Amino acid sequence: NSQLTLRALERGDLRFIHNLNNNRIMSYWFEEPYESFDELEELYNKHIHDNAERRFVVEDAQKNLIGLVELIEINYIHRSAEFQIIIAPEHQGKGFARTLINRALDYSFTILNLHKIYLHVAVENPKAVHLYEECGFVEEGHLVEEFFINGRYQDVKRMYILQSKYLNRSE
Amino acid sequence: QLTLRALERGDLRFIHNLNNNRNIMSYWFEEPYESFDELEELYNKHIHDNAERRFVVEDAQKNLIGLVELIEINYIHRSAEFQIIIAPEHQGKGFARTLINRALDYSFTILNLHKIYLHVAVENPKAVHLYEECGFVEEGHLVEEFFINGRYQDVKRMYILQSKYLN
Amino acid sequence: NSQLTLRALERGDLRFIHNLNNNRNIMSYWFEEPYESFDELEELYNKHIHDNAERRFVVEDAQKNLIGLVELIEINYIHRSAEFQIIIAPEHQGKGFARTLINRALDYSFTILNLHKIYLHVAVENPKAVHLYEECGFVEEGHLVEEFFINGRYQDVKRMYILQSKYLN
Amino acid sequence: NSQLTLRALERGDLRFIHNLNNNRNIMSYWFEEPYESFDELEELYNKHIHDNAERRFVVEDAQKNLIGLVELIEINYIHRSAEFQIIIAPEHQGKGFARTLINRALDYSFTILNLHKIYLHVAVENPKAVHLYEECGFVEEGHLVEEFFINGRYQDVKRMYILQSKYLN
Amino acid sequence: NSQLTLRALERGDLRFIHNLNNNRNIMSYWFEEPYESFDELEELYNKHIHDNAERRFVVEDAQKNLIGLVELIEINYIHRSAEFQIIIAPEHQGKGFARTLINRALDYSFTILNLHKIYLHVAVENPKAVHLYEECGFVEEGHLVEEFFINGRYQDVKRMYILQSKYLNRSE
Amino acid sequence: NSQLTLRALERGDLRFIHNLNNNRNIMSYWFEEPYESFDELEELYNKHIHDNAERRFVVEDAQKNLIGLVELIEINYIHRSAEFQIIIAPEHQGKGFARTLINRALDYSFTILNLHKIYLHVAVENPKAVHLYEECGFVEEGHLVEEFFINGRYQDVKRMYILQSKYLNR
Amino acid sequence: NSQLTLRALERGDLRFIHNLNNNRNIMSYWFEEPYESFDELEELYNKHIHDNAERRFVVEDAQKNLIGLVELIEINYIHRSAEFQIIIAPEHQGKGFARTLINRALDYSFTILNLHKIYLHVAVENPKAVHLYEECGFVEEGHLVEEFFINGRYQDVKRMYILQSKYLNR
Amino acid sequence: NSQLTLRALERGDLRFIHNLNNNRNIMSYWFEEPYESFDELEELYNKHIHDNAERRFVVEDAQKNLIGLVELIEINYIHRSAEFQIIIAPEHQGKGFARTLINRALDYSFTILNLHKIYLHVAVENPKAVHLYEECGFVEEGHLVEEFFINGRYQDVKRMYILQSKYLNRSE
Amino acid sequence: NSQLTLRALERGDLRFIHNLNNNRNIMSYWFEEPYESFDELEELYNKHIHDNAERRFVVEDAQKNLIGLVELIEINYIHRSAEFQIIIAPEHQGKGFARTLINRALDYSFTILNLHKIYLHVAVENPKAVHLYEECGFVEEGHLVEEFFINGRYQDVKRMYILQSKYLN
Amino acid sequence: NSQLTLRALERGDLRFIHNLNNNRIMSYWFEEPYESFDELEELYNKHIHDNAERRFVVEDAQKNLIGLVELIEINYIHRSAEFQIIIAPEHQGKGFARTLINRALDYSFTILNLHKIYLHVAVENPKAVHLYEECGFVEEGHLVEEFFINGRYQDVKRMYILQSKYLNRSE
Amino acid sequence: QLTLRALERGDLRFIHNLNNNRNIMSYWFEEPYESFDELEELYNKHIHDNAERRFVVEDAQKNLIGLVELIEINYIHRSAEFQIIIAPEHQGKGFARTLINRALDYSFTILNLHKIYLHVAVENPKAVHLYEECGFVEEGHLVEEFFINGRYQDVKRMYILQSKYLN
Amino acid sequence: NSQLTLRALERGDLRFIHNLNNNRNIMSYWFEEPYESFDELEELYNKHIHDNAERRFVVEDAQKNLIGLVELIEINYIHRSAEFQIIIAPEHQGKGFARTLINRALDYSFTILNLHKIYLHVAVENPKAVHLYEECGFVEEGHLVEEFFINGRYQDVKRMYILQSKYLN
Ligand SMILES: [Ca+2]
Ligand SMILES: [Ca+2]
Ligand SMILES: [Ca+2]
Ligand SMILES: [Ca+2]
Ligand SMILES: [Ca+2]
Ligand SMILES: [Ca+2]
Ligand SMILES: [Ca+2]
Ligand SMILES: [Ca+2]
Ligand SMILES: [Ca+2]
Ligand SMILES: [Ca+2]
Ligand SMILES: [Ca+2]
Ligand SMILES: [Ca+2]
């Protein structure tokens with residue numbers, strides 16, 4: 001966790017982003033759909049100045065690719081963003097995520113000066129829900145039949161935290 | 001008495017005139033604009049993009065009544081976010097429910113969407129009641145989601161499924 | 001004054017902007033590029049049409065007379081700040097409009113754009129103007145020494161600011 | 001300490017620039033456009049190579065160790081002014097290089113570039129830095145209230161300046 | 001004299017510029033490219049519209065008659081210097097407007113552009129013009145031998161200059 | 001001096017040009033555009049590759065040490081004139097090369113390029129250099145008052161010239 | 001002849017150029033590229049707008065009738081020479097304009113553009129035109145054998161020249 | 001003599017071309033643009049690669065030593081004429097290879113390009129070269145007065161030509 | 001019949017060209033690319049305007065009636081040859097223009113363009129046309145078997161030629 | 001029918017093509033999907049040199065827009081194409097179609113020298129089927145549940161004619 | 001023992017090598033190619049186009065076994081044309097049926113297609129019997145559809161529905 | 001001969017094509033553009049890579065020696081015709097390969113590309129070659145008079161053709 005680092009995504013990381021798709025569902029890049037890696041590469045150069053989405057690669061002390069932190073739908077009048085996080089499967093079950101959630105929130109709130117961060121979790125992933133609740137996220141919606149995961153439509157939490165809570169919880 | 005038509009370049013004026021009678025930032029494919037020239041340039045930029053669709057609401061005499069928008073259209077999960085704008089002069093005439101109906105009809109028989117949701121300010125409880133009466137149900141109470149008119153404001157997220165509407 | 005409005009700037013407004021910048025007799029700037037001719041202005045307008053670093057609004061009255069311009073420049077969306085300027089057309093000065101325009105700029109800045117801090121520069125040798133901005137809620141945070149070359153000599157300007165917390169609640 | 005030289009920044013130095021922003025934990029900007037990734041930086045570098053609004057110099061010693069960076073930005077060539085900042089790589093700090101680099105910045109600014117004024121921003125909460133810039137001839141012309149969002153809160157900065165007249169007599 | 005204004009040059013004024021060349025019968029230049037046809041002048045104007053090394057102004061009277069042209073060229077913002085040239089249209093020559101235009105150029109150069117030095121060239125075989133410039137505060141700094149090929153032969157020109165400190169603080 | 005050769009400047013020589021520009025430690029220009037970054041110089045070079053208003057020669061000895069640079073600028077092919085400058089690397093200043101190079105430059109300007117006149121600028125505060133130029137045939141035609149901001153002050157420069165006819169009918 | 005004015009060729013004049021080219025009914029060229037279509041001429045014109053190797057003047061009277069065309073081509077600014085041609089519209093041939101225009105052309109070449117030499121070509125089978133040129137100061141320097149395929153056969157042309165010095169020291 | 005071949009010029013031969021200029025000390029041209037540096041030569045080569053108004057050939061021996069250069073320029077396919085120029089590298093001068101190269105140029109010009117007339121210029125103060133060309137079948141058609149500025153003065157050149165019918169059917 | 005002139009084809013003449021292909025009921029081609037629509041033709045025209053492989057001339061009378069078209073294609077400038085064809089608008093046929101236009105084609109080909117050979121293709125089943133080209137000096141050099149697919153079947157064409165030597169003595 | 005004419009489609013016709021979509025289903029342009037007219041205009045310039053599809057506008061004596069003839073999937077090694085035809089609804093029921101079928105076949109077989117033309121007709125449009133059978137088209141497939149017309153999946157005939165049949169039927 | 005992988009630029013060689021061991025014209029997004037350079041250029045041209053998709057068939061050791069192609073993919077009607085190519089060295093080993101299965105599986109559970117059809121030359125009755133045995137049924141006998149090896153040849157069109165396969 | 005193959009032409013084959021066109025000593029053409037240098041060839045290759053008007057095949061033997069080239073040019077896909085040429089490398093001539101290459105070209109033309117008619121040009125002054133093509137099924141349809149300038153004089157060529165109906169059934 002002291003071992004872990006965040007780093008802005010670069011071209012050389014696209015291979016890894018594409019492997020993490022393999023683990024599942026579709027992937028998107030600035031909300032443009034892609035399947036193949038050559039597609040992804042083309043989409044990457046196209047949106048390199050686009051500020052609506054930010055990605056960081058997570059590595060350990062020996063430069064292992066651990067996972068991915070994403071902020072999307074960044075809107076700077078509303079000062080909000082959606083947060084996703086993806087851990088390589090050979091690196092889940094080792095605690096790393098809470099640390100990463102903090103790093104991401106810290107960045108959103110101490111550097112981007114965003115006001116709000118929200119996310120979606122599967123209702124039927126009650127561990128993940130509760131994990132976000134522990135980091136300070138509150139439920140604000142139970143989205144009915146939202147996403148088509150594993151052969152049926154499923155409900156998802158949408159959960160949020162605000163900047164004042166993250167930054168002044170301890171005052 | 002009321003039609004929907006695919007929007008085209010000639011309608012941009014109308015759209016720009018609606019954005020002004022509302023006095024908040026407007027978006028085109030999630031990009032903000034203020035001037036007509038800004039809109040024109042974004043219209044051209046997003047001509048081939050499916051993430052949003054818009055229909056001009058006219059009457060049998062070609063008066064411009066309002067606008068129907070599907071944004072965040074998701075073709076895998078078969079959902080979209082719906083908005084309506086009615087021109088100031090046609091507000092409070094009884095067109096809103098008819099347009100809601102036409103739009104769900106199109107969305108659920110022609111676009112074959114599974115879900116349609118929307119956002120309504122918490123501070124507009126009458127819009128909220130109207131959408132409840134059209135069959136929408138609350139699925140979220142988004143806290144301080146949107147900075148509107150000088151402070152952050154809550155919105156209800158309201159939805160309807162295809163299975164409900166097609167009964 | 002109630003019937004004064006702000007409208008986002010359009011290509012057809014550029015003649016007016018050029019004419020305003022003409023009895024001002026200092027160099028004027030579009031997105032930090034100096035210009036003098038309408039033709040260069042028009043070209044800068046087309047080139048920076050999607051740049052969010054500056055925003056401009058034409059002030060009109062009830063029968064659409066062109067009263068003036070509001071500019072926000074140096075907009076930074078992390079610090080949530082912007083510099084601002086007002087230019088009233090010379091034939092509409094001294095009719096009391098200024099205070100209302102200042103209000104409407106602040107109103108846009110703080111109620112639509114969600115900025116935190118607006119600041120401006122006023123010539124030290126225009127104490128009446130300074131006193132005007134003080135009345136609308138601005139406070140001096142800087143007295144910039146020989147900042148601008150104006151009329152053949154370097155001049156001091158007061159830098160004056162107001163926060164969103166103050167204008168709103 | 002004459003051991004230390006400036007040289008104009010060029011493409012091989014963008015790794016260093018990137019590595020320096022990594023430590024600092026704020027948004028960094030190339031010609032007012034924000035960037036995070038090396039790739040964003042590289043593309044920005046190529047785009048603005050003909051742009052004279054900002055100028056940068058890498059700092060090296062005898063053995064060409066990469067000590068730090070001098071940045072002039074907001075260069076205006078009618079008013080003859082520029083904002084400056086100075087970044088020393090963490091591992092070369094508190095060796096008393098700052099003063100020397102400040103002098104080189106000023107010397108370039110005033111005997112090569114022919115500017116009239118240089119200004120900078122120093123955190124109010126860093127009175128040591130404020131005091132260093134004072135020993136080097138800078139004088140405080142403002143106290144900018146809640147100017148920057150840094151480390152989770154809005155912060156005041158001193159604005160400090162020196163004129164070409166003072167530096168050269 | 002009194003009611004003569006400087007306006008930045010526009011695309012519609014290129015015809016005027018062109019007629020002024022035509023009437024004058026030496027090779028002309030735009031951003032150091034020689035041109036003869038209007039169409040080349042137009043293309044050059046478009047190409048160099050953001051180039052700040054040259055600036056041109058059109059002179060008008062109250063009735064909007066086109067009177068003359070002021071150019072600054074070779075403008076350098078480190079040495080803060082420029083070459084200045086002025087042309088009055090044939091039919092407006094000999095009404096003594098030149099002093100008024102020279103003052104406008106100097107004032108723009110020194111109050112709006114904040115330059116340090118403005119210089120110009122005058123043909124040695126035009127001693128009136130030399131004396132005219134001397135009255136307006138220019139001083140000789142060179143006599144440039146066979147500098148220009150003009151009307152079948154190389155001619156000498158005076159080079160003449162004035163400093164911002166002099167234009168601006170003479171009277172202080 | 002026998003052994004001093006001129007050749008046309010090339011992309012490989014820009015690093016040399018850049019390093020010379022640094023030692024002089026005044027702002028330098030390519031086709032009247034100022035540069036400081038090697039990368040900007042390089043992009044100025046490509047962009048102006050077909051521009052004939054300036055022409056530049058690297059000076060080499062028999063062992064291909066880089067001695068200096070000869071430039072003509074402001075070349076005008078109607079009036080047939082050009083401005084000439086010469087920079088010798090610091091480590092070869094004072095060895096006697098300068099007259100030889102001036103001569104090579106005059107030679108090229110007047111027997112190849114067919115110019116009529118070549119003028120240069122010399123700091124008024126370097127009178128030994130002014131005399132050097134007089135000894136090679138140049139004449140003072142101007143004393144340009146506060147023409148260049150160089151090392152923190154505006155400086156006067158002699159303008160000095162020679163004509164084709166004089167160089168050829170020697 | 002008082003009343004004959006030169007002005008620089010413009011886009012509006014190309015229709016005139018095209019119609020002249022037709023009457024002569026030989027293949028004609030723009031910057032050494034052959035054209036026949038007005039549209040190709042027009043696209044050759046835009047493309048070569050900044051090319052100084054050819055320069056062209058329309059000739060007008062006091063009433064702005066189009067009299068003819070003066071061209072210089074093959075302009076070389078090192079050697080200071082150019083090839084000169086002149087076409088008079090058929091309906092103004094034989095009125096006495098030609099000497100006046102040759103003179104205007106020599107005047108421009110030698111007192112404005114500072115060329116050293118101007119040469120032209122005349123069909124060997126038009127000896128009255130060859131004499132006309134001799135009367136204006138031109139001298140034969142070549143008799144070019146089967147140089148041009150014109151009207152179904154290779155034809156000989158005189159090459160004729162005048163120098164700046166002779167035109168000026170008249 | 002016998003084992004000398006013509007090969008179309010390639011990008012790798014530009015260095016050779018360039019060294020040949022360097023050694024020769026007059027201004028050189030590529031598609032009528034003057035160049036001095038290799039880098040400009042390279043850019044011009046790229047720009048004009050489909051231009052058929054000029055064609056160049058490199059001369060090699062059996063060991064692939066670079067011997068010389070043949071250019072045809074001003075090629076016109078209606079008059080069917082071209083200007084021809086030949087350059088032998090300093091170190092291969094005086095081995096009498098010139099006749100062999102001139103024959104190759106004439107043969108290409110007249111058998112592969114099907115031109116009608118090839119002409120060239122020779123300095124009047126090089127009467128050997130004139131006589132050399134005359135032996136190879138060229139005839140004088142002009143003595144061009146002060147045509148070229150070369151080594152500090154204008155020089156006269158012979159212009160010299162040969163026709164396809166003569167090269168090809170002399171012997172018939 | 002000297003009344004008739006050639007002039008080089010240009011953009012205003014593309015309606016006429018298009019209207020002429022409409023009658024003929026075969027594929028028509030611009031520089032070997034097939035086209036059907038005016039828009040395809042226009043775009044093709046612009047693309048190939050600098051291409052010297054084909055040349056076209058519109059034919060007009062005294063009153064500038066649009067009589068027809070002369071087309072040289074496959075122009076090769078080493079071998080000095082070209083394929084030619086001639087199209088007279090339906091309403092101007094059988095007035096004895098063909099011969100005159102054939103002569104103009106040849107005259108251009110051989111006294112302006114300096115070609116060595118001209119050839120054309122005539123349908124075997126049009127022995128009248130074959131005979132016209134014979135009266136004008138053409139001689140048959142081939143009988144191309146099933147060369148073209150026209151009106152639903154493969155057809156033989158005569159290939160007919162004349163040389164510059166013959167035309168000019 | 002003597003009154004009718006075929007004419008290669010041009011830019012000015014795109015308005016009409018777009019109105020004929022109104023009558024229904026999706027439309028495509030060189031097998032790129034389009035909805036809006038501004039989309040169609042952009043797609044039109046893009047494929048203007050593309051030879052795989054040919055369209056003709058049908059007009060009457062007074063320039064009325066009657067309908068549309070399309071050849072798509074034109075392949076010139078196999079020498080085949082798919083044929084569609086669309087009549088404006090205010091102009092159906094007037095016989096015009098058989099004439100148009102002939103004009104299209106004539107063009108395919110006398111000018112393009114194609115070998116085969118095929119088409120699809122709804123199985124549940126037995127009149128249209130029989131209409132094509134009368135023009136010389138033979139069934140070669142009954143495509144099961146092929147296209148989703150009016151709320152269920154429907155069967156379609158694929159029918160063909162060859163060049164030798166069209167051209168030599170009478171020999 | 002056998003995988004499917006999305007095709008990428010590195011696979012072009014393999015594809016080009018398969019096209020050669022077949023000796024008929026090959027197509028990429030309906031455009032013909034012969035050379036590798038031609039293919040490369042078409043690959044780049046169609047990177048963003050959904051009308052076709054291809055999967056490289058590898059084994060657990062990374063040997064290249066063959067290719068699975070969906071072309072004429074129709075996202076409205078939810079159909080596609082399917083082809084398989086097996087590298088010459090792996091023909092007649094019993095991989096074909098497994099690959100058919102994998103491809104229908106992907107098409108009908110992951111791509112959620114309604115229909116998959118194919119073409120098989122009439123003169124290859126054993127391929128026809130093989131596809132019948134995998135569940136495909138004839139829906140057409142396309143007459144002289146394809147010019148292959150010097151004459152026009154008939155093909156069967158054979159199909160399977162999602163409803164059949166998912167029992 | 002059985003072990004001779006055709007392979008579609010690749011960029012790396014261009015050296016071979018250039019070398020073949022070199023001991024031929026007549027002007028050679030890529031898509032009707034003349035060329036002489038490899039560099040121009042390479043550039044023409046890139047430019048016409050998607051043009052279907054010409055197709056080329058390299059002939060190799062069992063151990064991939066480069067034997068020769070087959071070209072189809074002037075391909076028209078409505079008339080279904082093409083012109084063809086064969087060039088065997090000088091070190092592989094007179095080894096009996098020609099007849100097989102001719103067969104394989106025809107085979108491609110008629111069994112893969114579905115052309116109707118292939119034709120070629122053969123110098124009248126190469127009667128052995130004419131006799132060769134006659135043996136593979138070609139028939140004279142034209143004797144083209146002074147078609148090509150070759151070796152300093154105009155030359156006759158036989159045009160010789162074969163139909164798909166003849167090669168196949
Ligand atoms: Ca979105
Ligand atoms: Ca400017
Ligand atoms: Ca700024
Ligand atoms: Ca020019
Ligand atoms: Ca610069
Ligand atoms: Ca200059
Ligand atoms: Ca042409
Ligand atoms: Ca020339
Ligand atoms: Ca050059
Ligand atoms: Ca298809
Ligand atoms: Ca070529
Ligand atoms: Ca051809």
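Reminder, nothing fancy here: chain letters follow the sequence lines and each chain counts from 1.
Taking chain L as the reference chain and counting heavy-atom pairs below 4.5 Å, the highest number among I:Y154, I:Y119, I:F149 is found for I:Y154. Considering only heavy-atom pairs separated by less than 4.5 Å from chain L, the leading option among I:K117, I:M27, I:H116, I:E146 is I:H116.
More than 12 non-hydrogen atoms from other residues, nucleotides or ligands lie less than 6.0 angstrom from NZ of L:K95. Other residues, nucleotides and ligands place no more than 12 heavy atoms under 6.0 Å from the NE2 atom of I:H131. Counting heavy-atom neighbours within 6.0 Å of I:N23 CG, excluding the residue itself, gives a total above 12. The environment of I:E135 atom CD is dense: over 12 non-hydrogen atoms of other residues, nucleotides or ligands sit within 6.0 angstrom.
Contact of L:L163 with chain I is made through the side chain alone, with heavy-atom distances under 4.5 Å. Neither the backbone nor the side chain of I:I26 comes within less than 4.5 Å of any heavy atom in chain L. Heavy atoms of I:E147 lying under 4.5 Å from chain L belong to its backbone as well as its side chain.
Two residues are said to be in side-chain contact when any heavy atoms from C-beta on lie closer than 4.5 Å; L:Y29 and I:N76 meet this criterion. Annotation: side chain of I:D156 is not in contact with side chain of L:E141 (no heavy-atom distance under 4.5 Å).
Residues of residues 98-115 of chain L never come within less than 4.5 angstrom of chain I, heavy atom to heavy atom.
Listed by first and then second residue, the ring-ring contact (aromatic ring centres under 6.0 Å, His included) pairs involving residues 70-107 of chain L are I:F148-L:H79 (not counting sequence neighbours).
Separating the CD atom in I:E32 from the CD1 atom in L:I75 is a distance of 11.0 Å, to the nearest 0.5 Å.
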